[PDB]
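**Student:** Before we start, here is the structure in question, set down as structure tokens.
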Amino acid sequence: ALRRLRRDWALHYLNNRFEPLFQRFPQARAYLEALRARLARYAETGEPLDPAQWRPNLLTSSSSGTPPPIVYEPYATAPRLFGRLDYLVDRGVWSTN
Amino acid sequence: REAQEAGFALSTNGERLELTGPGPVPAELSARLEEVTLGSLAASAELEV
Amino acid sequence: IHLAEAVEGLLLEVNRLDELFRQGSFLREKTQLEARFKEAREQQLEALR
């Protein structure tokens, strides 16, 4: 019950912080809702949030379209074409974010 | 001063501490006690940073 | 980039959540909850006694 109280108090507080962000980024509604749920989960459970696991990866740089994004890849391999999913090793175990 | 005004003695055993007095401690001053101990811990944290 | 800075602020909001849990109102609510549960426990125990 105290975990429930922590979670719902956190949700009530974060509503005021996410509503302006909801208006600012309506397209990011799903991501913002998931992040708010994760923050509530951290508030109740106490599990330390990983910033590297909840930081949106900005693959693209905002281009004006003039000139449009032009990429030349003479050495066109699968990691260099589709992008490679990097991994980190902890205790000899593969992991990624 | 806000606790002894209610007739409660603040017993300390480190950063964490409790109250000694007749009957159970009411909610307000118990909340104040745990509030100040949590604040002291986080204040040591921000002191070190 | 605006989304990145906003989500960075949201990630930093973990400290804001922590300091909300040291505030007077939330802690008073928590102490009232634990106090009602406790007094239920003592009333059950004294009924048994």
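In the structure tokens, chains take letters A, B, ... by order of appearance, with residues numbered from 1 within each chain and ligands from 1 in the order shown.
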Compute the chain C side of the contact with chain A at 9 Å, counting only C-alpha atoms, and hand it back as an mmCIF file with C-alpha atoms, in the first residue's frame.

**Tutor:**
data_model
loop_
_atom_site.group_PDB
_atom_site.id
_atom_site.type_symbol
_atom_site.label_atom_id
_atom_site.label_comp_id
_atom_site.auth_asym_id
_atom_site.auth_seq_id
_atom_site.Cartn_x
_atom_site.Cartn_y
_atom_site.Cartn_z
ATOM 1 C CA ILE C 1 16.994 18.321 -29.788
ATOM 2 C CA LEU C 3 12.902 16.295 -27.067
ATOM 3 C CA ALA C 4 16.436 15.383 -25.974
ATOM 4 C CA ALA C 6 13.146 17.596 -22.233
ATOM 5 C CA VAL C 7 13.918 13.916 -21.637
ATOM 6 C CA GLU C 8 17.182 14.918 -19.950
ATOM 7 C CA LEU C 10 12.753 14.146 -17.042
ATOM 8 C CA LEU C 11 15.705 11.882 -16.220
ATOM 9 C CA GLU C 13 13.467 14.518 -12.270
ATOM 10 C CA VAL C 14 14.494 11.417 -10.288
ATOM 11 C CA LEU C 17 10.796 12.569 -7.087
ATOM 12 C CA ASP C 18 13.177 11.756 -4.230
ATOM 13 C CA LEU C 20 9.020 14.919 -3.075
ATOM 14 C CA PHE C 21 9.227 11.879 -0.791
ATOM 15 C CA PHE C 26 3.537 13.080 1.262
ATOM 16 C CA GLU C 29 0.106 10.896 4.268
ATOM 17 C CA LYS C 30 2.521 7.974 4.658
ATOM 18 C CA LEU C 33 -1.324 5.321 6.573
ATOM 19 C CA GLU C 34 1.189 3.458 8.730
#

**Student:** Go through chain B residue by residue and, counting only C-alpha atoms, keep those with an atom at most 6 Å from chain C; for each kept residue give the shortest atom pair and its distance in Å to one decimal, ordered by chain and increasing number, as JSON lines.

**Tutor:**
{"residue": "B:27", "atom": "CA", "partner": "C:31", "partner_atom": "CA", "distance": 5.5}
{"residue": "B:31", "atom": "CA", "partner": "C:28", "partner_atom": "CA", "distance": 5.6}
{"residue": "B:35", "atom": "CA", "partner": "C:22", "partner_atom": "CA", "distance": 5.5}

**Student:** I need the strand (DSSP E) residues of chain B per DSSP on the backbone, written as a list in words.

**Tutor:**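 Selecting the strand (DSSP E) positions of chain B gives residues 9, 10, 11, 12, 17, 18, 19 and 20 of chain B.
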
**Student:** Could the residues in this selection be written to a file with C-alpha atoms, as an mmCIF file, in the first residue's frame?

**Tutor:**
data_model
loop_
_atom_site.group_PDB
_atom_site.id
_atom_site.type_symbol
_atom_site.label_atom_id
_atom_site.label_comp_id
_atom_site.auth_asym_id
_atom_site.auth_seq_id
_atom_site.Cartn_x
_atom_site.Cartn_y
_atom_site.Cartn_z
ATOM 1 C CA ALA B 9 12.080 13.246 24.440
ATOM 2 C CA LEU B 10 14.140 12.931 21.249
ATOM 3 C CA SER B 11 16.432 9.932 21.719
ATOM 4 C CA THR B 12 19.350 9.893 19.273
ATOM 5 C CA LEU B 17 16.834 8.493 15.815
ATOM 6 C CA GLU B 18 13.496 8.046 17.567
ATOM 7 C CA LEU B 19 11.353 9.595 20.319
ATOM 8 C CA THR B 20 10.837 8.529 23.934
#

**Student:** Just to confirm, what's the straight-line distance from atom CA of residue C:49 to atom CA of residue B:25 in Å (one decimal)?

**Tutor:**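 That distance, rounded to one decimal, is 22.5 Å.
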